[PDB]
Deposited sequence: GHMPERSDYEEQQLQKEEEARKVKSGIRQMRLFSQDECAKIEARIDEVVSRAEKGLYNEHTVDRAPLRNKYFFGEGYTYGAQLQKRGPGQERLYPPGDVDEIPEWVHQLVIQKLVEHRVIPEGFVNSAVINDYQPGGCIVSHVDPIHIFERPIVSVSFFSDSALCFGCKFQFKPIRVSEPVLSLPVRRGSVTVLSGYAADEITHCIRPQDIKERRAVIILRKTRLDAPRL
């Protein structure tokens, strides 16, 4: 049955997801103020060209490492701005202290800032660029992350994702295995009702192809 297939898929996705409430409301407030600083600094033209990526639904800020289909390429060393001290002190440290990731692991911090009605189209985290696990921390409001995103293209055949994962403010999502390699994920516009930001902490692969 198609029902059994969806249930085994969702179980496999679940095995690749770990999630914990790690940041208090005050800790979130401090990080959100720092996120607002990045947005302000971008608007002041203070960042490198490749640090900032502006699109209708969302702004993307690349720190430490950055990239440009499976044809993503890492920008040459020193092309994007370095990971800001507050990311180390307020975000990465908390994660290291809670043993989510080891020290020295993260060389890439991306901030995605979403407008209401913002979305991500079905995609896989590029395996040729980034090691696993992929760590993300949500900030301004609660939302959902969907896995198995055929519905975004064939809504008559399939109306729902395989799995929808609540992503609450201050929660940490860790993706590995099946959830990171074998299935697509996306965000639905109806799931972003107000401003939402997310910090994505990753390690790039040594042989990630460069420009």
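Stretches of the deposited sequence absent from the structure, as judged by C-alpha coordinates, are 1-10, 79-87.
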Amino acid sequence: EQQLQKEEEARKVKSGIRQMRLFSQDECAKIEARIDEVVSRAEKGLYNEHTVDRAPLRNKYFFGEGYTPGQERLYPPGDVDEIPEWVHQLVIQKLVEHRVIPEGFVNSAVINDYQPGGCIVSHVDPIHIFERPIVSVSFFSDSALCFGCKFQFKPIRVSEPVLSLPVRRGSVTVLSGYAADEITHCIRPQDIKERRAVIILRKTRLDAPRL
From here on, numbers count along this sequence of modelled residues.
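Heads up, when I say rigid core I mean the largest set of C-alphas that superpose within 1.5 Å between the two forms.
For the pair 104-112 and 70-78, greater average C-alpha departure from the shown form in 8 other deposited structures of this protein after core alignment is found in 70-78. Structural divergence in 8 other deposited structures of this protein between 139-147 and 159-167: following superposition by the core, 159-167 has C-alpha atoms lying farther from the shown form. Between the stretches 47-55 and 154-162, it is 154-162 that shows the larger average CA temperature factor. When the modelled residues of the chain are ordered by their C-alpha B factor, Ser176 lands in the lowest third. In this PDB entry, the Cα temperature factor of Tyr114 sits in the bottom third of its chain's modelled residues, the lowest group.
The deposited CA B-factor of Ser108 belongs to the lowest third of values across its chain. Annotation for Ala29: CA B-factor lies in the highest third of the chain's modelled residues. Remark: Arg188 belongs to the lowest third of its chain, ranked by C-alpha B-factor as recorded.
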